[PDB]
Structure formats: structure tokens, C-alpha cells
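Encoded as C-alpha cells, the structure appears first; notes follow it.
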Amino acid sequence: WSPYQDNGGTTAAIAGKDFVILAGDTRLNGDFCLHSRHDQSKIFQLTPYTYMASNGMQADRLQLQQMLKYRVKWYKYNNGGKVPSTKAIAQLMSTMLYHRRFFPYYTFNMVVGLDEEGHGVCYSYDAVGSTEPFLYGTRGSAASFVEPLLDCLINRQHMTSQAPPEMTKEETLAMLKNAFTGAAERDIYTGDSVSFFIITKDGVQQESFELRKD
Amino acid sequence: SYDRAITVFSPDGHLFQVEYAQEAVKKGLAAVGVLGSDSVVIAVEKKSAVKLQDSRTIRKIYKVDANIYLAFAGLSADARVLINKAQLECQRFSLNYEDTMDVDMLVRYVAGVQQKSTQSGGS
Amino acid sequence: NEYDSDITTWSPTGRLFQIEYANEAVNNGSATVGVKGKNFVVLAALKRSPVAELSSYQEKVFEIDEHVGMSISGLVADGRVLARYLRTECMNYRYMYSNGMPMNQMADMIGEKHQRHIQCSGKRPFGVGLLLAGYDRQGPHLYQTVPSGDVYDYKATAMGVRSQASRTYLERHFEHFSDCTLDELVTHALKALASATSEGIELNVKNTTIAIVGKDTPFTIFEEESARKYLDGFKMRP
Amino acid sequence: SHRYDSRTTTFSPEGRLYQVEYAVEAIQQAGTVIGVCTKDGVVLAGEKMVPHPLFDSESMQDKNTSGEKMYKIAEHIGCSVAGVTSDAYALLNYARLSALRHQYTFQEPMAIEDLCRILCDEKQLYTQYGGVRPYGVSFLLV
Amino acid sequence: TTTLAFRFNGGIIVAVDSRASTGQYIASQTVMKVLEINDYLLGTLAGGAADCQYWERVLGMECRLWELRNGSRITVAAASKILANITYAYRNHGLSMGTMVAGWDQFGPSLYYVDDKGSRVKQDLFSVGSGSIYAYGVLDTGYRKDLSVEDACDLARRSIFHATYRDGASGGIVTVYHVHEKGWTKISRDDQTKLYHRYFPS
Amino acid sequence: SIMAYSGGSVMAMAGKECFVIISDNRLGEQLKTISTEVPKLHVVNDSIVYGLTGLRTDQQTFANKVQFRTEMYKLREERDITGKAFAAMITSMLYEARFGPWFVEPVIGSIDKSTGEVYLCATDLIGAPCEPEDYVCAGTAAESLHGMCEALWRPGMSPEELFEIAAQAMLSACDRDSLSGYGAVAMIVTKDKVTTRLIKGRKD
Amino acid sequence: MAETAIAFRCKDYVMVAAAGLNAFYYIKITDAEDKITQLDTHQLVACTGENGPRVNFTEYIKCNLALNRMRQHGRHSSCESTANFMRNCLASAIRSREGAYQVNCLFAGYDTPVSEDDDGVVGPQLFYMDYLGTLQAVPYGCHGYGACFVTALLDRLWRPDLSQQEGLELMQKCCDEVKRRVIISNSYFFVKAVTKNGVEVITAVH
Amino acid sequence: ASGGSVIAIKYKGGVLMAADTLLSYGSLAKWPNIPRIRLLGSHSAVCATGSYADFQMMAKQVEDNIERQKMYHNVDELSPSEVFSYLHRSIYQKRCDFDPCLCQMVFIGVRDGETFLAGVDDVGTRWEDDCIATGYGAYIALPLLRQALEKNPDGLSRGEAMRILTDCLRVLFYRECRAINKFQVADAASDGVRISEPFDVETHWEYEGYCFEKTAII
Amino acid sequence: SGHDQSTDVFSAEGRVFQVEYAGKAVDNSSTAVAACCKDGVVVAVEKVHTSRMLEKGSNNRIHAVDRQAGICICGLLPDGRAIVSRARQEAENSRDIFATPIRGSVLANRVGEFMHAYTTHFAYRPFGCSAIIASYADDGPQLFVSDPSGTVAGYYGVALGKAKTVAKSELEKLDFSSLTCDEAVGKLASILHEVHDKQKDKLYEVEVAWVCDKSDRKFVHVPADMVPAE
Amino acid sequence: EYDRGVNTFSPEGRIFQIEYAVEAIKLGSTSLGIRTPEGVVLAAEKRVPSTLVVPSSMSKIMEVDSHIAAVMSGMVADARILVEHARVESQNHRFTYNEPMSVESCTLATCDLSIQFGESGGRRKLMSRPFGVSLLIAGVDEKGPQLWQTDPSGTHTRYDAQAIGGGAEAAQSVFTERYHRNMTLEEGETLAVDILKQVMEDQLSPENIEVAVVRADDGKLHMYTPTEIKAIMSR
Ligand SMILES: Cc1ccc2nc(C(=O)NC3CCCC3)cc(Nc3ccccc3)c2c1
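Protein chains in written order, with PDB author numbering: chain M, 126 to 339; chain D, 2 to 124; chain F, 168 to 405; chain C, 2 to 143; chain L, 100 to 301; chain J, 2 to 205; chain K, 1 to 206; chain N, 2 to 219; chain G, 6 to 235; chain E, 107 to 341.
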């Protein structure tokens, strides 16, 4: 008996100028069966402006989500109702992941949200909490299939052409939909439907995208 | 273990145990320290020559560390305990940081120990 | 009196004087009023007024959980300790069952916590009283705890300095609280709180906090900015 | 209960510890022992209680470790006691243990001043901590 | 991962790459391998990134506490001793971290290397990481004490570039810091391929 | 193994009113001779002589512990410890670390100064005692020592004859052992006197 | 074991030498790292092992010696006492949770009469110390790969009454032999000596 | 003692959960008359695949928690969602202590109209769906249940759900080694959960290709 | 003097005065009655309210300990809650370690032992409440009373509180052999109403509970429309 | 006296030890605090025991963090423990959340340490007595300049202008007038200096008092030197 289990699935975040596009595939599978096609536990809201997305063990990310939620609630109590910022939550996530360094969570996490100026920021972590900021990022089974594609279309390297204008919410959403559609046709452990969270200052909106069922 | 509150406040805002310790200090041998341009002078009362003490000299000013020296007024045994604590602190400092303890760092440590002696139950 | 210096000493008449002294400590705190309606519970807290230029702030009303809050009266440190304990217990419960703690179980837990400190020699009673305002499947709840450990389920109550006037006012309008709306409940609580103020002080936003909990209303605190809707138009008409 | 606590390790309005002074007074009534430190040895001479005709001598082999007033701490250390003899036995055992521990650690005889210091901290500890009475005994170390 | 730091007449030069490779796949190309402990002390990232980040954050917190308690800045000898003591306490806990502490205290510049087993060595030149074998070859050949600040920065940048060119685990953006008596300044941050085209034109 | 890391051998042999205890001089690290002048004998008092064999650090630690215990015993009990009590104390000390065992193997010889009875003991690393009336031996050359003592020992030996037998047995056993040798040191303990001798050996 | 330490005691001095090698699995980090730690005015230890345990052990021993000197009013400890203290520390380490000190020691010192009543050792003292807690007084001792190479050499050439210059030449020969026969590069050897005047750092031999 | 597979499906008005009444000890069919479906509270039911001792202890712990909370305080009985949350937290806590509850549990419940169906692993994984299966029912019965659900997304009637459940039980008896033809179905509805008496499904073994001569290896 | 300041001190006549003071505190509490009816146990307590705005059911003094066992508190209510928690711990220990409901006598003995332990140590004070244990276990209907001194006694009918003697005298008029719980509820409620003084306790409520065959041997409160109005 | 315990209540409901520790505050030196939109000012009377004392060694104003200062009145030996605890908690908050810790949270941590006193040993070693210290914590955070006051009872209170120590009631009487919501930083500094003048038995000199300022725009703490104090006086 092993205390660990990989449930597959993939998440992807892209930080815009005044928004963040978070996305997670809704698919939970066991040893060889398929537990559910409508698992919504991958993406968790911490504050109205901060979200976390985890890949790997489902039970481990449920426990981590509960710990983050209660730490955030304690912070709100101890700071006169002031909600923690995205960077504070990122540092707290890193610290709490490292605290369980000898019995690590089997989670690969991303903390996304807006900065103080309102500009979107993404953070990525290893199992033991090595945080690193970035403007986009993909985690999970299909990360190697979609991350180079985001690298080519966003950084525009090896292109002898003028850089296109910075992408809006709609173009970023379409690009991420293409990335997930391409991933679902080549990776066998991801793809029944993708949940998109578009995080702006004027609230957060949620959308659902259809994928293949095989 | 015995941890009864010994140092407690009085209806006039005074800590009687601290005042009594200070009064015990008031009955101790005098000591003076003088700060100069390049030297520090410490003089102690050196109670007397009893004609029965050992011919070998013993210093009433104690070397806490190679750079730090101490003199006391009050109870001799408590002073010896405090000096042993200060020497152990200097060695622990020079073992955890590779640097010798500054005079003010050791003084702060000793003052903290004395303060904790006034707020610990059963002591 | 040689039977009041210890908590584990019974008076020859069957009294515990240290707990009575803690009750006296509770009776000297700032006045607060709790009112229970059909779907809502409203707490009104009388905070210190500024001395003509100097506004001092001290937190008396605490938010315990999404559905629970409370108002303290007496020793502020004891109230903070009790708030920390209640928040920890609520967090533990919501983690195990994914739902808020029921109010009856919460009141029992507060009573047991109070009783834990009134029988050991190296302990002292909490010199604070609490008004618990919450909501669960069973509807609105309003509790009052005392240093002795007794928890009272109340339709409406008050505690603090000169709170007998608030109680005797509430004893005339409480039987209608099951029909008054939220605004009427707030007005009744405000009138009860104003009945406990001094002669030359009238209720206004600078020195009054209003807490509200309901069926679709999480426990919300109302202070300087948000209290304009309930206190700007308000005056005691005898 | 705290009502009957005698508060042994507490200061008095004059900064003096009454238990220590009472122990000193107790030692004043003990038998007199005099130590003389010469250049070719140290002499201890003490008065022992009047021998009752029914007293018996413990037929100990190695009649140089402990007498009626004088005891051996180590091969290079001796002592004489004045005061509560039963309190003196525990401190003598502690001193022997400390000397043998020092010999275990360094494989050298313990310095006389070091042994005197180590058993003085034991007596001092009971005057600041514990809430019990101190040892009512004075030692003459040679 | 390739990192280097050397002491010269004029202070200390630190240089890093920006590549983190989880085995065969490139995780990121923007990693910050110089960890700014304070405005006067610098640390380096090598080995387990989480271990280094967490423990040098701990070291920075202890340095700030030292400054607050004592009213004066901590020395590099004491700062490196804190990290070495922490690491030695965890020597059997499987830590993976090789860092360099470089600073300018009241006794001039000083540079220490601290591994994951409590070692703490004080020399004038270190290279750490899988690409160090390539840095040393370029670094030992051109190093001399009487180097200019520009010359020392050029030497460090060239050594890091030559490490990234042959080592598959090293790459990204070459970053160069200079530690002087007034603290440290980020001297440069240049892409590795542009460095290749600058050093080998045509 | 750990017991043969340092080398060394000790053997005690019983005379009439006497016993001879002999140890080799070699101290090494598993092949390499660190020193050739390291005897393994220890004198407790005028009646008891014991030797230790095994890991040298464990030998020294156990010898220090035994010295502590015997000094405390002589301080508390105003008398010299006897051989049987000393052997029992060593047995108890070795069995206290039954699962963390010391890597020594003591060889104790003792004689009653008033009676003359000879007591020999040789415990295992966990204290399992062994009290024969002829000889005991421990070390890397234990088998050869056993053979030589079995072939040479007789009950009614004189101190000189017993010493010669012990020396011959020790040298012949060390000749066949690569971890023991470089001469020997012997102690002849009688009722009236104690003699210490150093015995020529091969420098191999 | 990769780094070789040599020590030999003569009539009026003890000379020790320690390789300055520091490596990472095949990479020479530095070749000038002093592994000889001065404990007291007339005492030092040459320690072989990786940097962490060696530095921790030497600093612990030195700090404890300094603390003892403080609590004993500047009374300096004898070489045998310090050697036994180190041996006790090493032996206690091997049965502890944190494990044994992977450090091999050559402890050198010079004993002087602390007072007119002193009647102890007056000549020089040298002690071999294994990491397991072995302690042995030796005329000369060695650690590391080259140790055996030196030892026989010393058995061929060492004399009790060697002079300082002839001892320096002998140590130069030993270091040359280590450089000649050991595949591990020990280029620099960090030679120090203990005499009645204390510790001297000898730069002629390296 | 180990239990076989458990299956469950939500129908338009409640939940059905079927399991065989067998405990095996390795390949030995040890006890064929074991009631494996246990009632929790007045609203829920549970059945575990795997170790029976761990299931017994966990079910006792869960049932004690509900009754004591209802009895000690004047509070409403725990909702099926809350009971399953407590069960999942307890299982995960056992996993983190390296003393896991080596079972895969299917949990059903109904209160005042809302239906709850969920599954939990021995390591803390939890999920909810319209059809749950553990053991070989996850590979055998679950595809058939999903197909039956997707052929009519408006909802299954109780008879339609029972028919496909019996079909899945028949296939499980065909294809699972440690199984017997004796099953119990618990029905969670508005009034409460009702466990049926043990029954059996009719099987077919008379295929023309199953004869002695066609299957013979001459 | 100092002979009555702590429980660890005997008086010159062999008495523990702190326990007597706790019993005096019990004797100043509201009246409670209980009856064992050969087919079940019925307990009835009076609750005095100091406010007219209290929610119905406030300050419950009767609490279920097990399915078949319950405890009524006469005295300091928080101390009774602590005793009830201890009794609930004792009852669930039997159901978890021995897989059997706790017998009424066993539960009463456990409650008495728990209450007695606080009368022997200087660091604690005795409970200021008496416990009425009503059980219907495998040993039949059982009614016990636990004194702050920790002594337990079984009764057919028992009365405690301020109006104790008159309530006991009224209980002496019952038969307890032909008495059934259905009429015993009314009898106890009538006794409590008659013995209570109406000019000192303005706000009073009668709280009645029982465990007999009619409740499937489960300790519950009465239906609301069963006790007399007054 | 040990007639009453340390956890006993007065018949009026007050804890005897806490009320006795409050009277120790009034025996200490005077400390000030002014909150203004431009920043927060802390002032303190040094009251050196002799002219031979180095005045910097008795700092009545201590830096908890680069944005938070604390000035104590009463027993300076006990105040060191509180300030060290506040520093440790602020550094922990910076370590965990990568942001400066709020003034209210720092005061909360200080009071959390303060309340942990008693006599029952049990599992945790408590303090035999409450702190004889009243703290005045000033800082600048996301809510602008904030000033808080700490009591030996463990009760924190946000203030606009609070004074502790011997000259407390006179300072409050001056506070009732001459103070408004929107004073400039210089006006607050002059008010603090004048209030120290009004409640000081000794004569005011640049080295006789201690002044610190946390600026709203800067966000950092600035200890004032004697020449700066003289410049304040020369206005
Ligand atoms: C001073 C120094 C020199 C070379 C170093 N070299 C490597 C390294 O990984 N070399 C590769 C393997 C062999 C050849 C290439 C690693 C080092 N420290 C280190 C880094 C991370 C964790 C722990 C320690 C070094 C430190």
C-alpha cells in the first residue's frame, strides 16, 4: 500500500494586462477506471481576486485547499477583515508547502490573481513549494504539449516579424481553448471538459468548454 | 514542580521581591567603573586582609570573556551563577556565529536573565 | 469575608464569591443589546465616544463564522480568548462536516469552556459576558453566557452598565419581535441601546456598532461608514 | 494549599534570606572542626561527640575513607562537615559523584577549587529554586 | 545550473544563469538564481530550489533580527555561520543546497561557500552547479586580483556563457551582480544567444 | 567484523595460589598496525586484574566506566571489591546495553589474599559469564590460545611454570594470528606479591 | 582519507602537516584550506574529513576548552586531559542519533609546568585519534591514503633526537612521498609545529 | 475477510445501491450470508469494498458520531453530505497516520428531497456522480450504468434503474471470481433508506457455443 | 477558622465542611422530584426564570446520557453539565469497549465516583449540584441520586431542592407499586405546582422527562400536551 | 503580600494584580503619541538617573520594524521582552506573507504574549505576574498612520493622541484642546514638545527627551537626533 496516487488532469493559467485566465480539466480517474467527468476540485477560490489550481493527488489538494482557506480566514481575523493579497497568499502557499517537506503533498499548484496595480500574475510551485512567478504556466499531464505552444505564440521568438499587439481576454481565451483541444487529442489522461475562470477587478466569470470523451 | 508566584505586585505598584534584592545589593561591597579614552577601569572593595585567607591571590573582578570583565555587588553565590551563565552565553555566541560577543550583547543577555528571574514562578 | 479569596472555596451559605465578582465585572462593561426576530438576529453595541477630538477604538463585536458572531462585555482579553476558541472550534467543525456548527452545540461548548475554569485552583473565571447571534437549520438564535457557565436562550436581552433600562424596555416589545421586519428589529435594538446611555449622550454612528445575522445574511458588522442607513435617521421619542 | 507554604526561597524586607541564616545558626551548634593549611600538608582536627560506653565501631576495612567527622571525597580530596549530618551525607555523595565524573571525562584529578565550586552551586540552587529548605551544613575541604 | 562568484580588488562579482530543468524537460528559463538576502548580502541558488529559497529567506530574517536587536549590521562571517549551522543541523535530512554568501562588512569583502552537509569554506573564487566544470576552465584562466570592475564583469559573464553553451542543464539569461562597499548593484542581464553573437561575431 | 577491527588477545591462566594474565601488544586498524606497544591489561586492585578485547574505542570507554564504578564502590563501601562481585558488576553493565552492546570481551582474574582461591571469568559481549578452573582466553587468536592452553595446562603449577606456559601459549597463538603479536605483557599475581613482565615476541 | 595528515614528535617539538585539499566528487574546490586548528596556546589538532563535521568538532572542542579556562581562572589544561576530552566526545558521538564525527585527528601539544607545584609531563605530546573514538599516544602518526606511505618512511628515518631543521627535511620528504604515490592530488600540506614557545606556522615545507 | 464489488445509481426520486452478501478470505468464499450494506443515521447507507474489519470500525465510528451529536445537543440530524464529509475526513486522517482504512466505500443518502451519492477510496479520494462503483464493478458494471444513464438524460425511473442494476449484477456474477448469486439492494428515498431481502438474478449458460464439442481441444 | 477552607481537611468531629456547603448550595436550588413506577422512571424539575424574554427550553436541567439513561440536575447548572458530560463518557465507554448499554446501577456508581474524587483533593471543590439518574437498562427501571459528597442511593420516589420536605411528604402518599408512568407524570407535575411558592418565583416552568416502555425504553422529554396546565 | 492569589477578583470585579500593575505605569516616565495624516509622532521623557549615563543606552523608543516603532512607560526591563516578541512576530509575518505586518496585528501579538500570566504550572510555564509595562505602538500601514496603546491587562486600543506615564492626565487635558484631525507633522511635533514641557519636572534639552516619527509618505521610521530636537524647539 502506498499513501500516494496520481489522478491526472491538467491546469493552465495566462496572466493578462488586467485579468487572469485560469483553466482546469474536469476529469478524475483512479488506477485504471474513471471516477468522474465532472470533478471541479482542481480550481479553488481563496479570495475574490485570488485562485489556486492543483494537479496530482485529489485528496492532497483537498487538504491543501482547506489549509489555505483556514489560514486566509485567520489572516482576515488578525488583520481587521483585510483580505490577503495575491503575493501574500503565494508566499504563504510556498511556506506551507515547505513545512510538509518530509511528507510532501502530492500536488503541483499555481496561485493566480491580480497585483496591487491590478495586473495579473501567475505563480508556479513544485511539490515542496519552490515558487516562481511568471505570466503564464501549465501544470499536469499535458504540460509538455501546451507549454511550448504558449511559448511560441506569446514570446514570438524566432520570428522575423513585428510583435502583434498584447492579447485581450477573448484572444487569450481562444488560444487556451486551442491549447486544451490539442492536448486532449494526444494525451490520454486529460479531457472531458475544461473550466475557465476569467478573473478581473469587476468580479470573476466562469465558462465551460467541451472536449472529447475518449 | 514548584512554580508558585514569588515576585508579585503590591497595592502601590511595587515589586517587593525586586526591592528586597536591591536592598541586598545595597549591603554589598562597593564597586566603581570608569570609562576613559582608551581604557576602562574597574575597582572593587576587596573586603579585607583577614590574615587567614590564602596567600594565593584571588580576583574579585571576573573574566567573563577575553574582552569582557565583570564586577558585582550583592550575594556572591548568585553572582557566581550569573557569571557562569554569562560565560556560557559568550561561548555559545562564539560557537554559533564565529564572532566574539560584543559587550552590549552580553550585557543585554545578563539583563534579560535578571529580568526573567523576576517573572518566573517558584524563583 | 474569608471565603472570597479562592475559587475552590464554598461559602458557608453555599455561594462562590469569585464567580459573583466576575459577574460584577461583566456588569460594569459597555452596554450591549441582542434582539431575535423570525429570521434575523441584531446586536447593538455601545462603544466609547470620542472626547471631543480623540476617537478611541476597541473591538467588542467579533465574527465567529459565516453564520455566527458575538458581542462581548467586560474583560476584553477574556473576550478575545473566547473569540479565538470559538473561531477555532467553528473552523474545526466546518472542516469535518462541510457545514456550520449548530447554535445549540456551540452554546453547550461555550458553557463547558466556562465551567472548565471555575473548579480548578489554578484557574479563574472569564470576566466577560457574551451575546451570541447566529443562524442554522433551526432558525435564528440568541444566547447569553455568564462567568458562572450558564447559557441562556433569549428572545431579547441586554447586558452591561445600566442595561436594566434596556431590559425593561425590551420587555414591552419582545413578544412582537417574531413579526417585526429587519428594519423594525434594528430600530428596536437601537432604542434598547439608547435606553442604556447616559443623560447627555444620544445614539449616533460614532459610538454604536450594529451586527446583523440572518437566513441569507452572513454575520455582518456595521460601523462608521455602513451604519449611516440605520443611525443617521434615529431619535428617541418618549 | 498555598496558605501553608512557608516560602523558603523568598527575600525579606532587609534583603536577607531567613532560611539561610537559620541554617547558619544550626551549624553554630555543631561540633567544632579546625583546618590548618601548611606547606607540606593540610590538617583537620574536629571534636566528636562524647563516646557512649555502648557505642560500637563499624568494623570497616580500609580505615581511611570516612570517620565520625571526616570523610574522603576522592583520593586527593578530603572533607569535614559541620551541621546536619544527614544533609552532609547526600552532599558528600554528590561531591564524590562529581569528582569521579570529572575523572571519567578528563582522566585527571579534579581541581580542589572546581570541586568546591560544583557543590556550592548545589547548595545555592536550593536557596533560589524548589521551594524547599536548604542544606544546613558547612564543609571544610582539603 | 551554473553559478560563480569571485573576489577581486574592487569587491565581489557574482554571476548566474536562469535555467531550471526538471530532468530532461526545461521547466523555466527565467529563474532568479541570485537571492538578494538584503541590500548588503547576496546568496546563490543551486541544487534544490525550494531548500535554498526557504533557508536563505530564514537567513535574511535572522540577519534582520540581528540588526534590530544589536543596532548594527551582521557580518558575512556570522551570516554564513548561521546558514552553515542550520544546514549542519539538517545534514541527515536529505537537503540539497549549495549556496554562496558574498558581502562587504566592516572588514572588507568576503565570500563563503556553504553546501548541504554543513560545510562552510572561505576562498576568493567559487563555481557551483552542474556547469561549474565549464565555468572554472574559463574562470581560472583569466582571473587575477587586479581586475577592473568592467573586466571582472566581462570575465564572469563570459565564463557563465561558456558554461551555458556546453552544459545542457544550464542556460537562459546570464545575470551579473557586483558587491562593493556600498552594497550590491545588478550589473547586467543579457540573453545567452545574444552573448554568443557578441563574443563570436560573423 | 567489529570485534576483529582492532586486534588484540588476552588470556588468563590459573596456578595453585596464583594466576597469570597475559595480553598482546598490537593495536591496528583491520590490517594496519597503528602501534606495537598497546597492552590490554588493567589493574583494579591488589587482587583483580582484567583485560579487554574488541573495538579499541569500546575497550577504552568500558575501562573508563569500570574505573568509575570501582572507585565509587571503594568510596561507598570501605573495602576493595572482590573478584566475584567485580565479575558480576561487569556482567550487569554489559547486560544493561543488551541491544546496544559494547564490543568488548573481558577476561578477569582474581585471587583471595587471605584464602588463596583463584577465580577466573570471561564473559561475552553481552555479559554471558564463564568460570572454569583452568584458563580463559579472548581475542582474535582465541582458538589457538584455547588449543595451546588445553595442550599445556596442568592443575598444580607454580607461578614460574604457569608464567612459562602462558608465555609459550600466547606467543604460539600470536604466531598464527595476523591481528595479534609484537611481544606480550604478563602479570603474575600471587598471595604475597604481584610481578609484571614483558615477553619477547616476533616483530611480524 | 583523501587528505593526508602527518605528525611526528621529537625531543623538543612536534611537527604536524595537513593537506589543504577540498573537493566536490572530482573537482578541486581549493588546495589551500588549513585543517590544523589551534586549540590552546600550546595545543593543536590536525583533522582529516569533510568540512562540516571537522569544523563543528574542532570549534566545539576549542569553545569547551576556552569555557573551562574561563571557569578555572585561566588554568590551562594538560595535553592528556584535552586528548581524553576529545576522545570522550568522539566516542559519545558514535552511539548518538546524529551519528559519529567522520573526522580523524592527530592531536599535538607541549606540556609546561602550570605552577611550581606541578610535577606532570614536560616534553611534547602526540596522540592518534580515530573517528570511532580511539586514542593512542604515538611517536608519529598519519591519516589518509598516503599515511602508510609516510609511516614506513618514518619507521625508516625517524629518530627521537632530530633537530628542527632535520625534522623539517623529514617532513618535506614525507610530503614529497605523498605527492609521489597518491593518485589524489595533495599539492599543499600546511605544516605547523609545537614547541615550548607555542605554535609556529612553518612555510618552508608545503 | 474481504467484500466484493458495490454498485449504485441515482434514479428519478432516489438512489439504489446493490452489493452481494459475501465475505471472502482470499480465494475462499468464507461467509455467504453477510449483510454488507449498513444504515448510517436515519437518512444514509454505506457499503465498502475491501477489508471488512476496517469497514466495521469506520462504520461504528461514523454511527456513534451521528447518534451522539443528535442526542447530546438539541440539533438536527447530520445531513448525508455532512456524514460523507466526516467519513472522508476520517479516512484521510487514517491515511496520513500510515494506518489506512483499506476500503473503497459507496455512500448513499436522501433528505427532504435532495439525493446524495458518492464514493471514497482508502487513501482519501472522494467523488460524486450519478453512478458509483467499487472493485470490479468499476470496470464491469460502471460502463453499463453510464450507458444506461446517457440513453435517457431526463432521469431513470425506479424500475428502469433496478433493471439495469440487476443486469450489472448478473454480469458481475458472470465475470467476477469472488462473487455469489445473492445480492441486496438498498433504496434511499424521501421516507428513508430501505434494505431489501437477499435475492438472486437469473443466469444463462445454454449458449450453443458453450457445448462440449465446440469448446473441446482435440 | 481554617478547617472549612478546603475539602482535604477533616474537622475535629470528622466532617468535611466544604462538601456540606456544596450540599447547602444544592438545598437552595429549584425543586425536583422523581419516581420509579415499576415500568419506567419519571423525573420532573421546576425551572425558575429571572427573565420573561427567555426562549422556551432555556436552561435545560434534564439531559439524555444514553438512549435509556438521563440525568436531572438540582443545583449549579454548569456543574451538572460537567457531570452529564462525564456520565455520557461513561455510557459510551460501555457501548464501545463492552458492546452493551450501561446498567443504571453501574452508571450511578460511576457518577458517584466522579463526584467523590472532587471532595478529596485540595486543588478542587465539590460539585454544587445533585444528580438524579433515571435509567431503563437490562436491570429494569432504576432511579438513583448522587450527592455532592459522592454517595449514591436508589429510590422509589425522591425529592430535592428548596421545597424538598413538602414534596417528599406529597410523594409519601403514592403507592409506587400500582403507580404507572402515565399517571406519575401528572402526579409529579401536580406536586411541583402545589409545593412551589407563587409570590417569590414569578416565572416558573415545569420540565418533565421519562423513560418507560411507551418510548421504546428511550429517555425523552414528555409530549408538550401531556403535563397539566397548573 | 501573598494573602490573595494572582488570579483573584476584586469585589468590584477587577483583577488585583492587573490593577496593581496599572499603578506601576503611573510611576514611570511620560510617553506621548500623535496621529496625523502626514504621519505618527512618538515622544518620551528620558529621565536619566545621572548625568554620567549615556543617554542612548536608555532608549525609550524602540524600533519594532522599519515601519513600526514602540515607546514604553513603566518598567523598561519588562518592556524589552514585549519589544523582542513584537520584533519576532513582525519578522515571522514578513517571512510568511512577504509583506510588512500591520500595526494592529503587532499590537495583537504583543497583547497575546502579555496575557499569558498566572500560577498553575500544568503543561505550560506561565508568568508569575503581568507586565508592568504600557506600550504605545506607532506605525504606517495600508490604513495610513496608526497609533495603538497596550495595557498590562492585555487590552489593545487604537488612539488618535494618547499619553502614558506619570504625566498622563495633564497631557490628556492638553489633548482635549489644541488638537484636531488634520494637523501637519510639524504641528504635531510642536504639540508633543510643548506637552513634554508641561509635564516634565526637569528642564527640556535636546538630549533630555526622545522623539521619533513614522512618515505617511515615506512609510519608514526616523529616529530624531538631538540637533533635530533642537530644530523642533527653535520653532
Ligand atoms: C564549490 C563547488 C564546486 C563545484 C561544484 N559542483 C557541483 C556539481 O554539481 N558538479 C557537477 C557534478 C560533477 C561535475 C558537474 C555542485 C557544487 N555544489 C553543490 C550544488 C548543489 C547542491 C549541493 C552542492 C559545487 C560546489
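A virtual CB, placed ideally from N, CA and C, is assigned to each residue, including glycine.
query                                                                                                                                                               : result
Can you give the Cα-Cα distance for G/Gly155 and G/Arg130, rounded to whole angstroms?                                                                              : 12 Å
So, M/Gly265 versus M/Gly155, is the Cβ gap smaller than 9 Å?                                                                                                       : no
State yes or no: is the beta carbon of D/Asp66 nearer than 9 Å to at least one beta carbon in chain L?                                                              : no
Could you list which residues in chain N have their beta carbon closer than 7 Å to that of F/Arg304, in chain order?                                                : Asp77
Check L/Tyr189 in the structure and name its three-state DSSP category.                                                                                             : coil
Contact criterion: CB-CB distance below 9 Å. Does L/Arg265 meet it with respect to chain K?                                                                         : no
Would you list, in sequence order, the uninterrupted alpha helix (DSSP H) runs of no fewer than 4 residues that lie entirely inside the stretch 213-249 of chain L? : 231-241
Check whether the Cβ atoms of E/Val189 and E/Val319 sit closer than 9 Å, and answer yes or no.                                                                      : no
Under 9 Å between C-beta atoms, does J/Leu32 make it to chain C?                                                                                                    : no
From M/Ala148 to M/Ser333, what distance separates their C-alpha atoms?                                                                                             : 9 Å
Could you give the distance in angstroms between the alpha-carbon of F/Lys358 and the alpha-carbon of F/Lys280?                                                     : 33 Å
Grouping DSSP H, G and I as helix and E and B as strand, with all else coil, what is F/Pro179?                                                                      : coil
If I measure Cβ to Cβ from C/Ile35 and keep anything under 6 Å in the same chain, skipping five residues before and after, which residues do I get?                 : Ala46
Is the beta carbon of F/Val380 closer than 9 Å to that of F/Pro307?                                                                                                 : yes
Assign M/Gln330 to one of three DSSP states: helix, strand, or coil.                                                                                                : strand
Below 8 Å on the Cβ atoms is my contact criterion, and I expect J/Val50 with J/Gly140 to pass it. Report the Cβ-Cβ distance as a whole number of Å.                 : At roughly 16 Å, the Cβ-Cβ gap does not stay under 8 Å, so J/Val50 and J/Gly140 are not in contact.
Could you tell me if the beta carbon of K/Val150 falls within a distance shorter than 8 Å of some heavy atom in ligand 1?                                           : no
Does at least one heavy atom of ligand 1 sit under 8 Å from the Cβ of L/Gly146?                                                                                     : yes
Classify E/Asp266 as buried or exposed, calling it buried when 16 or more other Cβ atoms lie within 10 Å of its own Cβ.                                             : buried
What would DSSP say about K/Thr134, mapped onto helix, strand or coil?                                                                                              : coil
Determine whether the beta carbon atoms of G/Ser140 and G/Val46 lie at a separation below 9 Å.                                                                      : yes
DSSP on D/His15, reduced to helix/strand/coil?                                                                                                                      : coil
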